[PDB]
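Visitor: Here it is: the structure, laid out below.
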């Protein structure tokens, strides 16, 4: 309840067929007030993530 | 001419069974179970509701005239299989009671012997 | 009661078996009103099948038959503990 | 057309589904294979109940559920707390159960939200946001080593009450469902606690938001616009609660609606207190239970 | 300094066999990286790697992810690698992740990339390995029952709600408004 | 002969119909047909788009809704039972099994050295060399838990959940049980190194996994009242958490 | 005369 | 319908963490998104300096 910034490193482990469920769901379980950071390896399809996030927590997200 | 007997005949059977449906779904699937206590009394009520519906969905699917009837036919022997089981279970309940009463009559005759 | 109303179901089962046994498309050719009466007799079926939709309330249909047979299974397993433990 | 129920009975102190019903001091069995849980004590075989209650045999677990006792707190439950006390950075608050729940200082929704972060000056203002006896919506988090548990408000939906009236019941008749906030025609809302505590209030927009400012979360204010047609409609839902409570009725949201429309015989709302008539309407619904489902 | 690493163990534990064996290799300026060591072993090496006593590292895929321990020279001994199903030609962003670990920022002049091969590979594959591609990131969402528990246990939301905002259906999201646009075309031409 | 009568209406009625081909009705057919094809292919596409709507995972989920009801972990009204309340503090293993084992209560006559080997049947995944058939007071409970999960996976097979019941069993790995049985007896780390090829940290990687297990097992009897279990639970925890299991790191 | 055999008979067809 | 002003125009009033050397243009582009207060994915390689962007938001949270 005193957290407004989250630093997500290693974001691309959402494609882990083993554990990537955890990274995905936990972001879905975020309150929408919070600001976020996302750091991962270069993917070509980065915008899809932002295109996914920006609706489901209803705030802008830069790439 | 040719359709003229059968269509009125079958609709009359719908007309025959149409009040039977409403008395069947008079009280709900919860209610008609929750008024009952014995699970054996709960048992066939589950089946018989499905038992008609199986035929019902096999009936109305003919009216589209679709050449397939398998994925309800595939459900058909299922409902039989569960109706197959508990009857054979309820057969065994007899042999539980059928022979235990002979145990009752035998041991009384032993002191009589 | 099972033996009464299912005998009436069997009565309509055979009548349902009696339905599309004839060639039905020929008078659908000879009028829409044959077909429309056949549509109207299906409107009974659009109501009479809906009675058990109402009891709940194809791919719709594929769902609930599980959930019908869901409740069949938990009987016998309870009956297993009601009888085999007994 | 009366004032009081005065009916007389003189010369007496008083007017005077199968399962195992066991007593304390009583043996259940001595099969060693069974496991021994609640309501059970023992000496190496001898399975001994300790309450007036029922044998529960779960698949190898034997335990005794009583019939009589206080409310059992469990996590994730939606109940109502009355503010008992204030501690160091702690609060004490009645559940109705055995003990108070506890409630951390930062366990609550701050006005302005998380942008308001921590401050040590907040403990200099514990009495600002909360004080004694007040009623709220609370979310059961987790427990201690004994069985005493704690609360929080992780939503806008949880918070300090207003806009209505409290009532209370035994905890037994409240049935469990996946939902607990309920909205009723009459533009009003029941907040059924699990523990036996019941708050009514007028339907808010946030209530309306459930089915389609933030600085007012410790106010003692109401909506100033409260009609009597609101207020008198509160009381009709109020007594029918106690009607079902006197009639020992599991609460269905629809049964209340069924209680409300059956109460439309009587426009005299003060007549909703009668021992017979509550039982009569209580008898109505149970007969009405023998039709639908 | 090594004995200070062994100082935090019991003296009975100060003679454990595997560490007796590896230490002269570790004395020789040589290190090995894999999981199977002890965690106390796993940390001391990387230190001495980060402090450069151990010029050599015999490594697997943890140290590929294990950063803050930079290199100058990276050796690819096996070109292919087993992926749970196949000893396969390693895909692009795998190798790209498996690239950059050589080359200290303020210190190393370059990055030295050396790959030992044992097949005359097809030209686009060595491209598709080395002149590589950033690999696609898509949801591997599945189900698990403890998740299924607590969403019933916590009241406020639902497991269905999780699926409404799960990225695993974003496949089912994207191309459809194009087909809606095609439908908005087809509802007109009709 | 009666089959041709379907055409013997078309022989009549097609010729009978007003403007059979008058008013360019042949061309006006294709005028209708170019409308009628557009009548066909939008909804053909629109079925696809309506087919492209929903959560496709529900069919998995709807099967899993079966499972817990079959397990009695919740009502058909989905209200979680105390059975399902158990594994709420269990994530570290098969929660589907670990409730039933304790609900089959087989640890009442397991000792802390005995049941710990059964907890080695969870905390580790990767296959290796065959262990021998061990001392049967391990193996018969191991035989006992194997009997439990099959009936579980049986109904999972009944659940339309495509799981090979056989392959579901060898999801459980039972080989380190001896080494687990001896570390319970105070065995040397040196000695137990001989009893496998599996590397020593990987042992600790299930050892420190196993503490996370047993600690979450301590939760359960608190939620049930199995006072014998709580006596037996930390009795295990005493007998694993020790000398080499006390490893800490250097950066911290 | 098991009660699923009515699914199996061929009807009276003209 | 969101009210947007370009982040390339965002004159950062204060280095909420100052830094000794010359930061990079995307890192310059990064910290403005933190400073203006919207979430952001940046996806680079690990040696690039994604670390540095994470260093910044700590103090802006801490201050």
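Since chain H takes its numbers from Swiss-Prot, the residues it shows come out as 128-190.
Determined via electron microscopy, 4.0 Å.
Using N, Cα and C of the backbone, Cβ positions are placed for all residues, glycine too.
So Swiss-Prot lists the following for this protein:
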type    : residues                                               : note
BINDING : H:171, H:172, H:173, H:174, H:175, H:176, H:177, H:178 : ATP binding site
Visitor: Is it possible to get the count of other C-beta atoms within 10 angstroms of the C-beta of residue H:175 (ATP binding site)?
Guide: 18
Visitor: For each of H:172, H:177, count the other CB atoms within 10 A of its CB; which of these binding-site residues has the top count?
Guide: H:177
Visitor: If we count other C-beta atoms within 10 Å, could you say which of the binding-site residues H:171, H:173, H:176, H:178 has the fewest?
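Guide: Taking H:171, H:173, H:176, H:178 as the binding-site residues, the minimal 10 Å Cβ count falls on H:178.
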Visitor: Quick test of understanding: given the binding-site residues H:171, H:175, H:177, H:178, name the ones whose C-beta is under 8 angstroms from chain E.
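Guide: Nothing passes the 8 Å Cβ test.
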Visitor: Long-range same-chain neighbours of residue H:174 (ATP binding site), Cβ under 8 Å, sequence gap at least 6?
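Guide: Same-chain residues close to residue H:174 (ATP binding site) (Cβ under 8 Å, separated by 6 or more): none.
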Visitor: Where does residue H:172 (ATP binding site) sit by DSSP, helix, strand or coil?
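Guide: It is coil.
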Visitor: What subset of the binding-site residues H:172, H:174, H:175, H:176 has a Cβ sitting under 8 Å from a Cβ of chain A?
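Guide: Of H:172, H:174, H:175, H:176, the entries that lie near chain A are H:172.
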